[PDB]
Each structure stands twice: as structure tokens, then as C-alpha cells.
């Protein structure tokens, strides 16, 4: 997967497992969620192409969102979209299947950097907008969860079990966006 460097990044994250422990506590994430996030992964894995179509369909319906994938002429850079899409697809699996350990934290730092002006447009060597306003990274916690919700019911568990996979995904997505804030936030304010 071009551009995908999980576990082999150039930098160690500026946060460690003790930071992660304390943030899991803030998001109410426990060993029970670890179990249900894996089950979410099992439910979602064969539905990935439909998930991506649904996700990028949302992004594409709003010009000020599609904007972050645009060439200077205001049109979508289709090379950029395609390349990112393969890494997003793998992130769905990573969220479900990776241990949230130090290597995981290292890639969380890398993903933040990539949304931020620090590294945006460098992975795919494209000309696009320099920065994704942090306001929308936070905003997107909601649609990520709303996108996944229908797919978690299709395979075909009880409302009680679906709710647990959904709640685990919500906690896991919030935790990640919190980490991704690091390069956006004024030094010492994170």
C-alpha cells in the first residue's frame, strides 16, 4: 500500500503508553472494548468497499470538505483520492486488529502530521491545500461513527451486540482524533 508506513515511521510519537492509558480512561475504553472492536472488524471486513463508497460519498457531497483533496484549480485530485483511499481502508482494519501499543501510537502521530500542514500532500507528492482545518477533524468523529453504524447490523447480530461494537468504534475514533490534535495544538497546550 503506497505511503503506508505503520510500524516503520521515521519518528517515535511524543506520547507513550502512560499517556495512552490516561486517555483510554477519559474515553471509557476498556478490555471489553478491545474485544468488541475486534468483533466490529470481523463484521466490517468483507463490507469495506461499500464502506469506502459511503465514506467518500459523504466527503464528496460537500464542496468545503472535498476541498481538502482538490488541485489548485478547485477540482478533485483523483490520484490523491485513490491513494489515500487505500490507506483509509487499511486504517479500518488497523483500528480493529492492531494492539494499541507504542507502534500504534507512533502511527497515530504520523496520521495527525499528515492531516496537518507538517506533512500533508507529502506522502503522495501532490499539489493540494496545505492544511485541513482542525475544526473538521473533530467534526468528523460523528460521521465516521454514523457511517459504520449501518454496516455493523448487517451480519446479523442482536441490537445489544451491535450497540457494543458501535460504542467501541465511537470510543476508538475519539481517542485517535484526540491524539491527532498534537501537531495542531500550541506547544504545551496538548
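Think of the rigid core as the biggest set of C-alphas that the two forms share within 1.5 Å after superposition. Residue numbers count along the first chain shown, from 1.
Enquirer: Following superposition on the rigid core, is the mean squared CA displacement, expressed as RMS, greater for 153-161 or for 130-138 in 5 other deposited structures of this protein?
Expert: With the rigid core superposed, the C-alphas that lie farther in 5 other deposited structures of this protein are those of 153-161.
Enquirer: Which is higher on mean Cα B factor in this entry, 57-65 or 139-147?
Expert: Between 139-147 and 57-65, it is 57-65.
Enquirer: For the higher mean C-alpha B factor in the entry, choose 71-79 or 91-99.
Expert: Stretch with the higher mean C-alpha B-factor: 71-79.
Enquirer: Taking the values exactly as deposited, rank residue 122 by C-alpha B-factor within its chain and report the matching third: lowest, middle or highest.
Expert: Tercile = middle for this residue's CA B-factor.
Enquirer: What third of the chain does residue 47 rank in for C-alpha temperature factor, lowest, middle or highest?
Expert: Highest third.
Enquirer: Compare the C-alpha B factor of residue 30 with those of the other modelled residues in its chain, then answer lowest, middle or highest third.
Expert: Lowest third - that is where residue 30 ends up once the chain's C-alpha B-factors are sorted.
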